[PDB]
Amino acid sequence: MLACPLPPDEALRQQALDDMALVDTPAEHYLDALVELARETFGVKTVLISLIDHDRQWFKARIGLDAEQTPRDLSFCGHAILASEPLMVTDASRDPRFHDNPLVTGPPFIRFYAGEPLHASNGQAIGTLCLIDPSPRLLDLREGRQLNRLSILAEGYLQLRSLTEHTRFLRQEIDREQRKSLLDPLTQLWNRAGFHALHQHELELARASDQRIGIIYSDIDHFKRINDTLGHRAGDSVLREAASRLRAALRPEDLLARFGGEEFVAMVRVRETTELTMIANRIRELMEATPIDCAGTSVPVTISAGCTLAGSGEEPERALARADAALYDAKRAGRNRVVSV
Amino acid sequence: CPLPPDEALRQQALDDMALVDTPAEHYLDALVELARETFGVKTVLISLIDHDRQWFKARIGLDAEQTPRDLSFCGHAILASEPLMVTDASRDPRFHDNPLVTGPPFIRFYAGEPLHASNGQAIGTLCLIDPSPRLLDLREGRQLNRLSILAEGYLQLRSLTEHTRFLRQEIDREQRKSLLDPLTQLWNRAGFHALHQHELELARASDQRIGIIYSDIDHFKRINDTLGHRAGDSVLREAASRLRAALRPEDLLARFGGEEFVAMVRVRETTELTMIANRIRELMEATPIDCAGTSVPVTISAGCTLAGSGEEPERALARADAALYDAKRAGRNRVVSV
């Protein structure tokens, strides 16, 4: 048995996770909010929704951590899925399981870990919701409950998510292995090819419920500047938060993708044109509501957006170019604004 | 109560979620409990503004299933994009007249964040309510906000699920009023009847077995007789909450009598079914149910069986009901499988 031991029913466990079309999918607003809420609740530095996938720990949501994944053998969560009860570690530098672990030895010098297992509907433990911090800590029992509740909310959402048409499309038409081509792991959105694989099914769902398809074409204002002026690390932080604020402006049924370097395209299902502009406005207000922290330095960032509704029978590529022309208008007219066409 | 120009559309966006007059959901129940525990408040509601009433999809610390819309805080709250924060409803010009302020439960503190449909229409509210004046931190206000974001996300995702999509097609908002037991917030027998067929179709289409768990709270009569009706009611509400917490979002749960609950579940084979039946029994046995401060130990008997292929649903029901009675004779607090 490895440095992180496998449950005897590993095969079945990995299968409950595969049937959820979850590993290698984009961040979701709701889970982002949940980890943020957890962090704020307890005051810890890091919070993860970590999924145990073959020999890695892959993060569906995170906060206070830049890594997109970790080998299973380096994980705490990999031990936490081995039991029904929460894995509490008061001080990992003193714990036989983790005092050797490079994440305890080296950065981020994990001391406190509190991990609460997440399950598929069949009871199989697919991963964890966890708090992580560089100072020793022991949750009182009230905190234990809050954390427990927080973990029920995570599971809840994951399980419902597997009862949706997006998830059926994902497992039935997009091999868990193809899914890796389709995802920009920096912003945790679908990429250009990800959008391409999904845009059709999106139109199909709009037609079935008499909805319009609207396209929002956006672009971070003055990205080159911040990226050259401050580190390229600061750039990546700006890309990470912009993507997160974009996901918060959308609804769970929307399709959002990173397209070029600093540009993002949403395809939304709306009743009619004002709903679409509302969404685009919302995207722009969220981006502008606060600065974006870049390692202590707060950086004002705005976005421009062009948007349009796709006509009945219109080639999506055409609707797309129209939104892009509207975005070009938005930039020309002064940036930090939305043009609707 | 002041209502928006776009009341027609707001209402329509709510109606499209197939949401008013539906059963409590475990996840929403966990969420309001999280809220209650986080703020140390007496009452938390997920409140939906529906025509002339205010109906609760989830509630802790409050027994009414709905209240009238007019003079009610939430009909006022949706009207703005911002939280409605009332420090003391009794000294507030808008609300001191309100019967839930001057009569029970003597509301004073109120904090409500609007909840939205996909299109932005405000369909209701997540709110904290307490009989003592209070005013929130910006930190706390921001936590309430993230909780309201979660409730709103859940309700929008729920709207995209197979079952909810089915409810939008088949069972109109009019039919649903009579399919729901108000006290336990579960489907009643009429609900179960309206929905069980659709659950056979899912099981067929996905090569699955159908399982029935037929369960009965133990010594119920004794409880009412010892501690009165209100303590019987406490036991029901809470027992239903645990029924929902031990099953899974896609399972059909219903109240089948004064003290009986029935669950229909899709599963692989027998082992899995008995496992779920035992998860319920455990979960109910795991802690005393609180009644007016006095804690009451509540246990549960249950029978279960799989429905053979093509077996008439009623036959399987009858067999699990027989199995529940074996469990009772064998000493209660247990599951018998057949």
# chains A, B, ... in the order shown; residues from 1 in each chain; ligands from 1
>>> interface_residues(of="chain B", to="chain A", cutoff="7 Å", atoms="only C-alpha atoms", output="list in words")
residues 27, 30, 31, 34, 118, 119, 143, 146, 150, 153, 154, 156, 157, 158, 160, 161, 162 and 248 of chain B
>>> residues_around(residues="residue 334 of chain B", least_positions_apart="6", cutoff="10 Å", atoms="only C-alpha atoms", output="list in words")
residues 215, 277, 278, 281, 282, 299, 300, 301, 302, 303, 324, 326, 327 and 328 of chain B
>>> closest_residue(among="A:85, A:91, A:314, A:204", to="residue 144 of chain A", atoms="only C-alpha atoms")
A:85
>>> select_by_dssp(residues="segment 181-248 of chain A", states="alpha helix (DSSP H)", output="VMD selection string")
chain A and resid 192 to 208 223 to 229 232 to 248
>>> residues_around(residues="residue 203 of chain A", least_positions_apart="2", cutoff="10 Å", atoms="only C-alpha atoms", output="number ranges by chain")
A: 198-201, 205-208, 211-214, 267-269, 310, 316
>>> write_last_selection(atoms="N, CA and C atoms", output="PDB file, in the first residue's frame")
ATOM      1  N   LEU A 198     -19.189  22.554 -27.183  1.00  0.00           N
ATOM      2  CA  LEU A 198     -20.451  22.666 -26.427  1.00  0.00           C
ATOM      3  C   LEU A 198     -21.508  23.598 -26.994  1.00  0.00           C
ATOM      4  N   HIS A 199     -21.115  24.525 -27.867  1.00  0.00           N
ATOM      5  CA  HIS A 199     -22.037  25.562 -28.349  1.00  0.00           C
ATOM      6  C   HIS A 199     -23.253  24.960 -29.029  1.00  0.00           C
ATOM      7  N   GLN A 200     -23.073  23.880 -29.770  1.00  0.00           N
ATOM      8  CA  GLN A 200     -24.228  23.303 -30.459  1.00  0.00           C
ATOM      9  C   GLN A 200     -25.330  22.843 -29.477  1.00  0.00           C
ATOM     10  N   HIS A 201     -24.955  22.011 -28.508  1.00  0.00           N
ATOM     11  CA  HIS A 201     -25.898  21.463 -27.543  1.00  0.00           C
ATOM     12  C   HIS A 201     -26.631  22.597 -26.823  1.00  0.00           C
ATOM     13  N   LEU A 205     -30.654  23.264 -26.653  1.00  0.00           N
ATOM     14  CA  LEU A 205     -31.448  23.435 -25.429  1.00  0.00           C
ATOM     15  C   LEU A 205     -32.260  24.724 -25.467  1.00  0.00           C
ATOM     16  N   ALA A 206     -31.786  25.738 -26.180  1.00  0.00           N
ATOM     17  CA  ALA A 206     -32.562  26.968 -26.265  1.00  0.00           C
ATOM     18  C   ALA A 206     -33.816  26.745 -27.108  1.00  0.00           C
ATOM     19  N   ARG A 207     -33.672  26.006 -28.198  1.00  0.00           N
ATOM     20  CA  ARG A 207     -34.782  25.783 -29.112  1.00  0.00           C
ATOM     21  C   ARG A 207     -35.907  24.995 -28.429  1.00  0.00           C
ATOM     22  N   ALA A 208     -35.521  24.014 -27.618  1.00  0.00           N
ATOM     23  CA  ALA A 208     -36.461  23.131 -26.931  1.00  0.00           C
ATOM     24  C   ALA A 208     -37.300  23.846 -25.878  1.00  0.00           C
ATOM     25  N   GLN A 211     -36.182  29.691 -26.052  1.00  0.00           N
ATOM     26  CA  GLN A 211     -35.292  30.746 -25.590  1.00  0.00           C
ATOM     27  C   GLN A 211     -34.385  31.266 -26.695  1.00  0.00           C
ATOM     28  N   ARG A 212     -34.014  32.536 -26.597  1.00  0.00           N
ATOM     29  CA  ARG A 212     -33.023  33.114 -27.498  1.00  0.00           C
ATOM     30  C   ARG A 212     -31.632  32.734 -27.048  1.00  0.00           C
ATOM     31  N   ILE A 213     -30.688  32.757 -27.972  1.00  0.00           N
ATOM     32  CA  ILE A 213     -29.299  32.548 -27.621  1.00  0.00           C
ATOM     33  C   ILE A 213     -28.635  33.893 -27.798  1.00  0.00           C
ATOM     34  N   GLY A 214     -27.955  34.374 -26.759  1.00  0.00           N
ATOM     35  CA  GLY A 214     -27.271  35.659 -26.800  1.00  0.00           C
ATOM     36  C   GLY A 214     -25.789  35.393 -26.630  1.00  0.00           C
ATOM     37  N   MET A 267     -22.150  32.398 -23.907  1.00  0.00           N
ATOM     38  CA  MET A 267     -23.317  32.170 -24.716  1.00  0.00           C
ATOM     39  C   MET A 267     -24.425  31.882 -23.720  1.00  0.00           C
ATOM     40  N   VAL A 268     -25.379  32.796 -23.638  1.00  0.00           N
ATOM     41  CA  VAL A 268     -26.418  32.703 -22.628  1.00  0.00           C
ATOM     42  C   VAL A 268     -27.784  32.388 -23.231  1.00  0.00           C
ATOM     43  N   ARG A 269     -28.630  31.745 -22.431  1.00  0.00           N
ATOM     44  CA  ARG A 269     -30.015  31.511 -22.807  1.00  0.00           C
ATOM     45  C   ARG A 269     -30.920  32.525 -22.126  1.00  0.00           C
ATOM     46  N   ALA A 310     -28.513  35.939 -31.235  1.00  0.00           N
ATOM     47  CA  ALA A 310     -28.345  35.191 -32.470  1.00  0.00           C
ATOM     48  C   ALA A 310     -29.710  35.000 -33.128  1.00  0.00           C
ATOM     49  N   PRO A 316     -24.046  30.421 -35.936  1.00  0.00           N
ATOM     50  CA  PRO A 316     -23.433  30.944 -34.706  1.00  0.00           C
ATOM     51  C   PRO A 316     -22.178  31.791 -34.996  1.00  0.00           C
TER      52      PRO A 316
END
>>> residues_around(residues="residue 15 of chain B", least_positions_apart="4", cutoff="12 Å", atoms="only C-alpha atoms", output="PyMOL selection string")
chain B and resi 8-11+19-22+48-51+117+121+123+159+164+167-169+171-174+176
>>> write_last_selection(atoms="N, CA and C atoms", output="PDB file, in the first residue's frame")
ATOM      1  N   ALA B   8     -46.378  40.827 -13.184  1.00  0.00           N
ATOM      2  CA  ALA B   8     -46.731  39.763 -14.111  1.00  0.00           C
ATOM      3  C   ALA B   8     -45.523  38.879 -14.449  1.00  0.00           C
ATOM      4  N   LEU B   9     -44.393  39.523 -14.755  1.00  0.00           N
ATOM      5  CA  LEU B   9     -43.189  38.827 -15.229  1.00  0.00           C
ATOM      6  C   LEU B   9     -42.445  38.134 -14.086  1.00  0.00           C
ATOM      7  N   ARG B  10     -42.387  38.827 -12.946  1.00  0.00           N
ATOM      8  CA  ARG B  10     -41.750  38.340 -11.731  1.00  0.00           C
ATOM      9  C   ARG B  10     -42.385  37.011 -11.336  1.00  0.00           C
ATOM     10  N   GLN B  11     -43.711  37.028 -11.249  1.00  0.00           N
ATOM     11  CA  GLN B  11     -44.516  35.851 -10.964  1.00  0.00           C
ATOM     12  C   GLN B  11     -44.270  34.735 -11.982  1.00  0.00           C
ATOM     13  N   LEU B  19     -41.708  25.523  -8.340  1.00  0.00           N
ATOM     14  CA  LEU B  19     -41.044  25.612  -7.053  1.00  0.00           C
ATOM     15  C   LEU B  19     -41.971  25.827  -5.857  1.00  0.00           C
ATOM     16  N   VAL B  20     -42.989  26.673  -6.014  1.00  0.00           N
ATOM     17  CA  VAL B  20     -43.952  26.879  -4.947  1.00  0.00           C
ATOM     18  C   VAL B  20     -44.725  25.572  -4.775  1.00  0.00           C
ATOM     19  N   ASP B  21     -45.073  25.238  -3.539  1.00  0.00           N
ATOM     20  CA  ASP B  21     -45.786  23.992  -3.237  1.00  0.00           C
ATOM     21  C   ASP B  21     -45.011  22.766  -3.710  1.00  0.00           C
ATOM     22  N   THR B  22     -43.741  22.691  -3.319  1.00  0.00           N
ATOM     23  CA  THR B  22     -42.944  21.484  -3.496  1.00  0.00           C
ATOM     24  C   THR B  22     -42.369  21.097  -2.144  1.00  0.00           C
ATOM     25  N   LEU B  48     -40.794  32.520  -0.625  1.00  0.00           N
ATOM     26  CA  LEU B  48     -41.157  32.774  -2.011  1.00  0.00           C
ATOM     27  C   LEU B  48     -42.430  33.607  -2.087  1.00  0.00           C
ATOM     28  N   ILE B  49     -42.365  34.736  -2.778  1.00  0.00           N
ATOM     29  CA  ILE B  49     -43.534  35.587  -2.907  1.00  0.00           C
ATOM     30  C   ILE B  49     -44.376  35.151  -4.099  1.00  0.00           C
ATOM     31  N   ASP B  50     -45.543  34.605  -3.785  1.00  0.00           N
ATOM     32  CA  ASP B  50     -46.398  33.933  -4.748  1.00  0.00           C
ATOM     33  C   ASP B  50     -47.825  34.469  -4.668  1.00  0.00           C
ATOM     34  N   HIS B  51     -48.221  35.295  -5.632  1.00  0.00           N
ATOM     35  CA  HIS B  51     -49.544  35.953  -5.608  1.00  0.00           C
ATOM     36  C   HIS B  51     -49.762  36.755  -4.331  1.00  0.00           C
ATOM     37  N   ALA B 117     -34.543  34.618  -9.870  1.00  0.00           N
ATOM     38  CA  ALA B 117     -34.687  33.665 -10.956  1.00  0.00           C
ATOM     39  C   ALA B 117     -33.537  33.909 -11.954  1.00  0.00           C
ATOM     40  N   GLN B 121     -35.465  38.419 -12.075  1.00  0.00           N
ATOM     41  CA  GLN B 121     -36.686  38.690 -11.331  1.00  0.00           C
ATOM     42  C   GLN B 121     -36.515  38.184  -9.889  1.00  0.00           C
ATOM     43  N   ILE B 123     -37.778  36.516  -6.822  1.00  0.00           N
ATOM     44  CA  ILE B 123     -38.858  35.549  -6.577  1.00  0.00           C
ATOM     45  C   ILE B 123     -39.106  35.393  -5.097  1.00  0.00           C
ATOM     46  N   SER B 159     -33.624  23.890 -11.032  1.00  0.00           N
ATOM     47  CA  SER B 159     -34.456  24.156 -12.181  1.00  0.00           C
ATOM     48  C   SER B 159     -34.023  23.417 -13.465  1.00  0.00           C
ATOM     49  N   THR B 164     -37.238  18.297 -11.945  1.00  0.00           N
ATOM     50  CA  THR B 164     -37.879  19.612 -11.969  1.00  0.00           C
ATOM     51  C   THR B 164     -38.417  19.904 -13.344  1.00  0.00           C
ATOM     52  N   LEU B 167     -41.676  18.225 -13.565  1.00  0.00           N
ATOM     53  CA  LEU B 167     -42.706  18.971 -12.845  1.00  0.00           C
ATOM     54  C   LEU B 167     -43.224  20.157 -13.644  1.00  0.00           C
ATOM     55  N   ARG B 168     -42.339  20.797 -14.401  1.00  0.00           N
ATOM     56  CA  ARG B 168     -42.744  21.930 -15.229  1.00  0.00           C
ATOM     57  C   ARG B 168     -43.681  21.481 -16.357  1.00  0.00           C
ATOM     58  N   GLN B 169     -43.365  20.342 -16.975  1.00  0.00           N
ATOM     59  CA  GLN B 169     -44.226  19.748 -17.995  1.00  0.00           C
ATOM     60  C   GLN B 169     -45.547  19.207 -17.439  1.00  0.00           C
ATOM     61  N   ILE B 171     -46.958  18.375 -13.788  1.00  0.00           N
ATOM     62  CA  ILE B 171     -47.779  18.782 -12.655  1.00  0.00           C
ATOM     63  C   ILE B 171     -47.779  20.304 -12.448  1.00  0.00           C
ATOM     64  N   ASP B 172     -48.818  20.958 -12.959  1.00  0.00           N
ATOM     65  CA  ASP B 172     -48.984  22.416 -12.865  1.00  0.00           C
ATOM     66  C   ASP B 172     -48.985  22.937 -11.413  1.00  0.00           C
ATOM     67  N   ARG B 173     -48.804  24.248 -11.225  1.00  0.00           N
ATOM     68  CA  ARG B 173     -48.805  24.843  -9.882  1.00  0.00           C
ATOM     69  C   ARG B 173     -50.157  24.690  -9.156  1.00  0.00           C
ATOM     70  N   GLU B 174     -51.214  24.487  -9.941  1.00  0.00           N
ATOM     71  CA  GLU B 174     -52.557  24.300  -9.401  1.00  0.00           C
ATOM     72  C   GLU B 174     -52.713  22.903  -8.802  1.00  0.00           C
ATOM     73  N   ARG B 176     -50.362  20.914  -7.713  1.00  0.00           N
ATOM     74  CA  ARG B 176     -49.443  20.722  -6.589  1.00  0.00           C
ATOM     75  C   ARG B 176     -49.976  21.101  -5.223  1.00  0.00           C
TER      76      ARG B 176
END
>>> select_by_dssp(residues="segment 58-184 of chain A", states="strand (DSSP E or B)", output="VMD selection string")
chain A and resid 58 to 63 69 to 71 87 to 89 112 to 119 125 to 133 164 183 to 184
>>> write_last_selection(atoms="N, CA, C and O atoms", output="compact mmCIF listing (two decimals), in the first residue's frame")
# COMPACT_ATOMS: atom_id res chain seq x y z
N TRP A 58 -7.53 16.55 -7.64
CA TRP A 58 -7.84 17.64 -8.58
C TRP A 58 -8.87 18.61 -8.00
O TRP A 58 -9.90 18.17 -7.49
N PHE A 59 -8.60 19.91 -8.06
CA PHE A 59 -9.47 20.91 -7.42
C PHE A 59 -10.61 21.50 -8.28
O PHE A 59 -10.36 22.23 -9.23
N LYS A 60 -11.85 21.18 -7.94
CA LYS A 60 -13.03 21.73 -8.62
C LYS A 60 -13.28 23.19 -8.22
O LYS A 60 -13.86 23.96 -8.98
N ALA A 61 -12.86 23.56 -7.02
CA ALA A 61 -12.89 24.95 -6.57
C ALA A 61 -11.76 25.14 -5.60
O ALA A 61 -11.37 24.20 -4.89
N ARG A 62 -11.22 26.35 -5.57
CA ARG A 62 -10.20 26.63 -4.59
C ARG A 62 -10.16 28.10 -4.25
O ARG A 62 -10.73 28.92 -4.96
N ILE A 63 -9.51 28.40 -3.13
CA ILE A 63 -9.23 29.76 -2.73
C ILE A 63 -8.06 29.70 -1.77
O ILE A 63 -8.00 28.83 -0.90
N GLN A 69 -3.67 21.09 -9.00
CA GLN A 69 -3.75 19.71 -8.57
C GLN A 69 -2.50 19.29 -7.82
O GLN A 69 -1.51 20.02 -7.77
N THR A 70 -2.54 18.10 -7.22
CA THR A 70 -1.47 17.59 -6.37
C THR A 70 -1.47 16.08 -6.50
O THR A 70 -2.53 15.48 -6.68
N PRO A 71 -0.29 15.44 -6.44
CA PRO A 71 -0.37 13.97 -6.46
C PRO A 71 -1.07 13.42 -5.21
O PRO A 71 -1.03 14.04 -4.14
N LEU A 87 -11.51 14.23 8.86
CA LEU A 87 -10.08 14.21 9.21
C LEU A 87 -9.63 15.55 9.79
O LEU A 87 -9.50 16.53 9.07
N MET A 88 -9.41 15.60 11.09
CA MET A 88 -8.91 16.80 11.75
C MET A 88 -7.45 16.60 12.06
O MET A 88 -7.08 15.59 12.65
N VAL A 89 -6.62 17.55 11.64
CA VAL A 89 -5.21 17.54 11.98
C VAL A 89 -4.91 18.89 12.61
O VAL A 89 -4.96 19.92 11.91
N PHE A 112 -2.56 23.29 10.04
CA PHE A 112 -3.96 22.92 10.27
C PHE A 112 -4.60 22.38 9.01
O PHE A 112 -4.47 22.98 7.94
N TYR A 113 -5.30 21.26 9.13
CA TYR A 113 -6.10 20.70 8.05
C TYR A 113 -7.39 20.19 8.65
O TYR A 113 -7.37 19.48 9.66
N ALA A 114 -8.52 20.53 8.04
CA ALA A 114 -9.77 19.91 8.46
C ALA A 114 -10.56 19.52 7.22
O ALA A 114 -11.00 20.36 6.44
N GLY A 115 -10.71 18.21 7.05
CA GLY A 115 -11.26 17.69 5.82
C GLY A 115 -12.50 16.90 6.09
O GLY A 115 -12.53 16.05 6.96
N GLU A 116 -13.54 17.17 5.31
CA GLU A 116 -14.82 16.55 5.53
C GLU A 116 -15.20 15.88 4.22
O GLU A 116 -15.25 16.54 3.20
N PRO A 117 -15.39 14.56 4.22
CA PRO A 117 -15.61 13.84 2.95
C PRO A 117 -16.89 14.22 2.17
O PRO A 117 -17.95 14.43 2.79
N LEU A 118 -16.77 14.31 0.84
CA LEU A 118 -17.90 14.49 -0.09
C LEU A 118 -18.24 13.18 -0.84
O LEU A 118 -17.34 12.39 -1.19
N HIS A 119 -19.53 12.94 -1.10
CA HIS A 119 -19.98 11.67 -1.63
C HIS A 119 -20.77 11.80 -2.93
O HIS A 119 -21.42 12.82 -3.18
N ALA A 125 -17.17 7.90 -1.59
CA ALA A 125 -16.46 9.15 -1.24
C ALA A 125 -15.54 9.66 -2.36
O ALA A 125 -14.44 9.16 -2.53
N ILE A 126 -15.99 10.67 -3.11
CA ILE A 126 -15.28 11.14 -4.30
C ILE A 126 -14.23 12.21 -4.01
O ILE A 126 -13.42 12.56 -4.87
N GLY A 127 -14.25 12.74 -2.80
CA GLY A 127 -13.38 13.85 -2.49
C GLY A 127 -13.75 14.53 -1.19
O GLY A 127 -14.46 13.96 -0.36
N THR A 128 -13.27 15.76 -1.00
CA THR A 128 -13.44 16.44 0.27
C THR A 128 -13.73 17.93 0.13
O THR A 128 -13.48 18.52 -0.92
N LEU A 129 -14.29 18.52 1.19
CA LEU A 129 -14.26 19.97 1.39
C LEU A 129 -13.28 20.20 2.55
O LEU A 129 -13.42 19.58 3.60
N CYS A 130 -12.30 21.08 2.39
CA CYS A 130 -11.29 21.17 3.44
C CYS A 130 -10.77 22.55 3.74
O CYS A 130 -10.68 23.40 2.85
N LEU A 131 -10.46 22.77 5.02
CA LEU A 131 -9.79 23.99 5.46
C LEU A 131 -8.34 23.67 5.63
O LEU A 131 -8.00 22.57 6.01
N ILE A 132 -7.48 24.63 5.33
CA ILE A 132 -6.04 24.46 5.43
C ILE A 132 -5.45 25.76 5.95
O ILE A 132 -5.88 26.83 5.53
N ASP A 133 -4.50 25.68 6.88
CA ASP A 133 -3.88 26.90 7.42
C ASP A 133 -2.46 26.68 7.95
O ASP A 133 -2.13 25.59 8.43
N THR A 164 -28.40 16.93 -14.37
CA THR A 164 -28.67 17.96 -15.36
C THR A 164 -28.32 17.47 -16.78
O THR A 164 -27.61 16.48 -16.97
N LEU A 183 -10.11 22.49 -21.63
CA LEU A 183 -10.18 23.32 -20.42
C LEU A 183 -8.93 24.18 -20.24
O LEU A 183 -7.82 23.67 -20.31
N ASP A 184 -9.08 25.48 -20.02
CA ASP A 184 -7.93 26.32 -19.67
C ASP A 184 -7.67 26.26 -18.19
O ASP A 184 -8.35 26.93 -17.42
>>> residues_around(residues="residue 137 of chain B", least_positions_apart="4", cutoff="12 Å", atoms="only C-alpha atoms", output="compact mmCIF listing (two decimals) with C-alpha atoms, in the first residue's frame")
# COMPACT_ATOMS: atom_id res chain seq x y z
CA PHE B 39 -25.77 34.08 13.27
CA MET B 85 -32.11 45.39 7.15
CA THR B 87 -33.04 46.61 13.36
CA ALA B 111 -32.49 40.91 7.53
CA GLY B 141 -24.05 41.13 6.19
CA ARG B 142 -21.54 39.85 3.66
CA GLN B 143 -21.85 36.29 4.99
CA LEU B 144 -25.64 36.54 4.71
CA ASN B 145 -25.07 37.72 1.20
>>> closest_residue(among="B:241, B:236, B:46, B:71", to="residue 155 of chain B", atoms="only C-alpha atoms")
B:46
>>> atom_distance(atom1="atom CA of residue 4 of chain B", atom2="atom CA of residue 309 of chain A")
27.1 Å
>>> decode(residues="segment 76-138 of chain A", atoms="C-alpha atoms", output="tab-separated table (two decimals), in the first residue's frame")
chain	number	residue	atom	x	y	z
A	76	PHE	CA	-4.46	14.96	3.07
A	77	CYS	CA	-7.80	14.58	1.37
A	78	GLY	CA	-6.63	11.18	0.07
A	79	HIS	CA	-6.58	9.97	3.66
A	80	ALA	CA	-9.80	11.81	4.54
A	81	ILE	CA	-11.83	9.81	1.94
A	82	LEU	CA	-10.87	6.65	3.84
A	83	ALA	CA	-13.40	7.29	6.63
A	84	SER	CA	-16.92	8.58	7.35
A	85	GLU	CA	-15.70	11.01	9.96
A	86	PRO	CA	-13.90	14.33	9.36
A	87	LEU	CA	-10.08	14.21	9.21
A	88	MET	CA	-8.91	16.80	11.75
A	89	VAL	CA	-5.21	17.54	11.98
A	90	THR	CA	-4.35	20.14	14.63
A	91	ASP	CA	-0.66	20.40	13.63
A	92	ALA	CA	0.64	18.45	10.64
A	93	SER	CA	4.34	18.88	11.49
A	94	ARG	CA	3.60	16.67	14.51
A	95	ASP	CA	1.39	14.15	12.68
A	96	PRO	CA	2.95	10.78	11.66
A	97	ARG	CA	1.11	10.93	8.33
A	98	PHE	CA	2.14	14.44	7.32
A	99	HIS	CA	5.33	15.56	9.07
A	100	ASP	CA	7.31	14.36	5.98
A	101	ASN	CA	4.97	15.93	3.45
A	102	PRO	CA	6.66	18.62	1.26
A	103	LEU	CA	3.59	20.81	1.63
A	104	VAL	CA	4.19	20.71	5.37
A	105	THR	CA	7.99	20.80	5.07
A	106	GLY	CA	8.09	23.36	2.26
A	107	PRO	CA	5.39	25.89	1.26
A	108	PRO	CA	2.69	26.52	2.08
A	109	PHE	CA	3.77	24.90	5.38
A	110	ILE	CA	0.40	23.35	6.14
A	111	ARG	CA	-0.17	23.00	9.89
A	112	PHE	CA	-3.96	22.92	10.27
A	113	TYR	CA	-6.10	20.70	8.05
A	114	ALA	CA	-9.77	19.91	8.46
A	115	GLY	CA	-11.26	17.69	5.82
A	116	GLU	CA	-14.82	16.55	5.53
A	117	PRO	CA	-15.61	13.84	2.95
A	118	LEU	CA	-17.90	14.49	-0.09
A	119	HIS	CA	-19.98	11.67	-1.63
A	120	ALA	CA	-21.63	10.59	-4.85
A	121	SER	CA	-25.28	9.64	-4.39
A	122	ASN	CA	-24.39	5.95	-3.94
A	123	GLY	CA	-22.35	6.78	-0.82
A	124	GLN	CA	-18.98	6.54	-2.55
A	125	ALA	CA	-16.46	9.15	-1.24
A	126	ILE	CA	-15.28	11.14	-4.30
A	127	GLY	CA	-13.38	13.85	-2.49
A	128	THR	CA	-13.44	16.44	0.27
A	129	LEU	CA	-14.26	19.97	1.39
A	130	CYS	CA	-11.29	21.17	3.44
A	131	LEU	CA	-9.79	23.99	5.46
A	132	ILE	CA	-6.04	24.46	5.43
A	133	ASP	CA	-3.88	26.90	7.42
A	134	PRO	CA	-0.22	27.63	8.34
A	135	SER	CA	-1.03	27.93	12.11
A	136	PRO	CA	-2.02	25.01	14.38
A	137	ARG	CA	-5.72	24.96	15.14
A	138	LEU	CA	-8.45	22.84	16.66
